[PDB]
Amino acid sequence: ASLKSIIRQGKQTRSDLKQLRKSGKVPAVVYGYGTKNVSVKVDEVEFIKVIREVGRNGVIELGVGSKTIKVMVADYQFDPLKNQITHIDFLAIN
Amino acid sequence: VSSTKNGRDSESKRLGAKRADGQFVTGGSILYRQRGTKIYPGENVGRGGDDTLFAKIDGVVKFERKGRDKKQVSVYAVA
Amino acid sequence: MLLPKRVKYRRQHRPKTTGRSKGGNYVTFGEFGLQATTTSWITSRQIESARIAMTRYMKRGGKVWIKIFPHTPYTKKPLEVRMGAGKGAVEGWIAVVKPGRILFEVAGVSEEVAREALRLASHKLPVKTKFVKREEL
Amino acid sequence: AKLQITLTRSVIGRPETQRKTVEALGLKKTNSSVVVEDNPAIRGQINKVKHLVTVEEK
RNA sequence: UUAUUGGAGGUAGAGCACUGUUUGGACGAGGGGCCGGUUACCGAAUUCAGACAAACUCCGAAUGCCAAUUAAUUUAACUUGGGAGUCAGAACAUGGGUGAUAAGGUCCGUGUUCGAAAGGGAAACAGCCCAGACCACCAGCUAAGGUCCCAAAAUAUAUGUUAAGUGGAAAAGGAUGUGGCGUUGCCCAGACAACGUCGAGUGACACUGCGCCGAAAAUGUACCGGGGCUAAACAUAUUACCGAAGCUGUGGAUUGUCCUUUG
RNA sequence: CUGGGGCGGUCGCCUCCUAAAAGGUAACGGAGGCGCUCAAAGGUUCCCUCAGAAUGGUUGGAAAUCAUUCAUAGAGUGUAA
RNA sequence: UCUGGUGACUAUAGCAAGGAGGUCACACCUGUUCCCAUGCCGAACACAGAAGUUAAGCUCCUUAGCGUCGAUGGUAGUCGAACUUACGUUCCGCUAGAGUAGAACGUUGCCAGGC
């Protein structure tokens, strides 16, 4: 399991988030052990791919900038209409 | 022939705050009208028979918390 | 049919219909359910009508949950009298559904039978619907 | 430094609170203009009524 | 009026900690099947999960309100006296009650316009959109709205969609109408149908753009204003023009404020 | 007064919701009260702390009374909210 | 530095659990003769003393078990603007409630005694 990420720069307005979601991209955040909070973005279909393979409770090799961080998916918001994930939280696991 | 049994109300009482936080007041100025004590009297502030809060000296008004979930008003002298 | 045993007030203001569904947006008791996609009142005669239609097609095989209850009474005047001499008498009980609210849930049958029974039930309701399954992922 | 403000849209049809701001800015008739020094206060007044005026760095 | 700072207060939204309403499942105490008890069934309590509220609240905004500053712009405010008129309001937008989530209905809150407002647009059309007419002019720039002819200005430049005159009046439902976007099946070792040949694609699902049916009224075509249109329709972008009593240019009138040459 | 008038209902005061987080705000809109009472149920100085739930126990109407623990006003506060 | 008295602070201070301490304090503790007192009970209150005890209250160390506090990111709602009549859409500011990471088994003033 290996997901790659991109760092979101400061202060996305709501139109930016809307365009971002109109792609296959998902806003997310990473926080926890040995790390400071970083706002990132992730592709939706690849995330579904790796989650269908590692399971709901599994470890991911998320790549953030130059680092790579073992991480676990803490929570996620989901739109019941439109059937699409809309936000994910990532938790560094030490 | 139908009618209603509801038709009545009482006149409104003009309760609530009467002076502002940070404003200068004179001796017996009314600061707050209420039923019961939603706000308690603090320093240099009295409480009337109808629970009215009023100043006892000249000074400036200060609303401020009392405990975890209570409030009070005070008046401080120099101004 | 379904109506509360008692209420504090018999004459209430009518609910707000704009917005999106506040809660109950997921299947939690069974495995299939009927999701609403438009907004309306459901009148407690439609609920019984749709439940009878849905429960007889399954031949008393599975279980059914009704995630909706009519809590609000609405009034209506006698036959077309002049306007305004007091509020009218109670006539029915309604529940307000907004897009995203699950309405029924079934379990204990095949996916095919569930699809058919929920389709049968959805034709008795004044709202557009959609067959959904228990979420995962 | 300095700004130049021009009233490009008319004020009739608008709420009165916006008319008071347009008058406080010093603008009077349509297409009339002023020059003012840039402040946070002036910028707040421009922000309130920006669908009516145009600004140039002067 | 704005920036900064301080404060009072329980709406929207959320939530179930209280007061009420409600759906499943447990747990046990009781009556209770029996022959006192099994089990059923019945009611109460505690629990687990999940819902509802104008007269519920452990929470709680955006705004609006009250103030204070040697803050920045601006031009009012108050007091005393003389003279009034008004006390039938209307539509539109938005927060609500009533009514039937009827009315060009009726009653309140908040804005605007009419009333008392000409001019341009909306075919015509007090209340909708743009705009506030001191008087000349056969000068110029723009707003809303527009550029085939009626009738001023693009038969304009790129890309695409529609075949219904949709555009130019409506729903639940129904359907091999056609674009866009993904996920996943069966692929030349031979499917996908026809009856060994057939020699390459063949499905489902999901999601969306535009269209079709559902669609019946009385004097005469008869909601595009008319002609007429396959773009002169509708998404996107570009940039050129037309367009008002708005702004500007030139001359003039009246009054005021400043300086003062009383110009 | 009045969604024409009549018939019916209503007319002063208090509390709540409508009321759009200051105050104010209508309808023959939705719900209730008042036309008193108290010689202590007033003043002051000292003390004190509940309902309820749970487990026991003669009478036990299940609960009257007694004992322990938990128990935020759920008690109580002359009279509506 | 320890203990005590007395203040200030939204429980980050509380409740629960485990473990240790005493003649320097404090408390349990002895008794009811006297001051005083109990709808009865020296239980409580009050007074008189120091025999015992750290058992308890209390003080110190451990734990995040319940309670309390609590971001970032996202979402709801909404001032303003622009389209529109759709149980609406678009842009720009502000920005919850719930939930997650996490904090937390108190901080501090004055006086006396002991150090």
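In what follows, chains carry the letters A, B, and so on, assigned in the order in which the sequence lines appear, proteins first and then strands, with residues in each chain numbered from 1. Keep in mind that the numbers below use all heavy atoms, side chains included, and drop hydrogens, waters and symmetry copies.
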| query | Quick one: the side chain of A:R14 and the base of G:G93, do they pair up donor-acceptor inside 3.5 Å? | reply | yes
| task | Once you apply the 3.5 Å cut-off to both distances, tell me the Watson-Crick or G-U wobble partner of E:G160, or none. | result | E:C234
| request: Select one nucleotide: of F:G23, E:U2, G:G73, the one nearest the side-chain heavy atoms of A:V29. | output: G:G73
| query | Which comes earlier along RNA chain G counting from the 5' end, the contact point of C:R20 or that of A:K11, where each point is its nearest nucleotide? | reply | C:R20
| task | Examine the base of F:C16 for any acceptor or donor lying under 3.5 Å from a partner atom in the side chain of B:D9, and report the outcome as yes or no. | result | yes
| query | Does a distance-only test, which skips hydrogens and angles, find a donor-acceptor pair under 3.5 Å between the side chain of D:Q45 and the base of E:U1? | reply | yes
| query | Are E:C229 and E:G167 base-paired in the Watson-Crick or G-U wobble sense, both distances less than 3.5 Å? | reply | yes
| task | Check the angle between the aromatic planes of C:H71 and C:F69 and answer parallel, tilted or perpendicular using the 30° and 60° thresholds. | result | tilted
| field | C1' atoms of E:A53 and E:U11, separation to the nearest Å | value | 16 Å
| task | Using the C1' atoms only, state how far E:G50 lies from E:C35, rounded to an integer number of Å. | result | 45 Å
| Paired nucleotide for G:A20 [Watson-Crick or G-U wobble; both distances under 3.5 Å] | G:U59
| Which residue lies toward the 5' end of RNA chain G, D:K50 or D:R9, if each is placed at its nearest nucleotide? | D:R9
| If we require ring centres under 5.5 Å and near-parallel planes under 30°, does C:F69 stack on E:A51? | no
| request: Would you indicate which nucleotide in F:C14, G:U75, E:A12 comes nearest to any side-chain atom of C:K16? | output: E:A12
| task | Check whether NZ of the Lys or CZ of the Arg C:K133 lies under 6.0 Å from the centre of the six-membered ring of C:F131 and within 45 degrees of that ring's axis. | result | no
| request: May I ask you to verify if any side-chain N or O of A:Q84 is less than 4.0 angstrom from the OP1 or OP2 atom of E:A206? | output: no
| said: Under the criterion of centre distance below 5.5 Å and interplanar angle below 30°, is A:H87 classified as stacked on the base of G:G74? | reply: no
| query | Would you say the side chain of C:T17 and the base of G:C87 hold a donor-acceptor pair, judged only by whether the two atoms sit under 3.5 Å apart? | reply | yes
| task | Taking the purine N1 to pyrimidine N3 distance and the second Watson-Crick contact, or the two G-U wobble contacts, each under 3.5 Å, tell whether E:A12 pairs with E:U239. | result | no
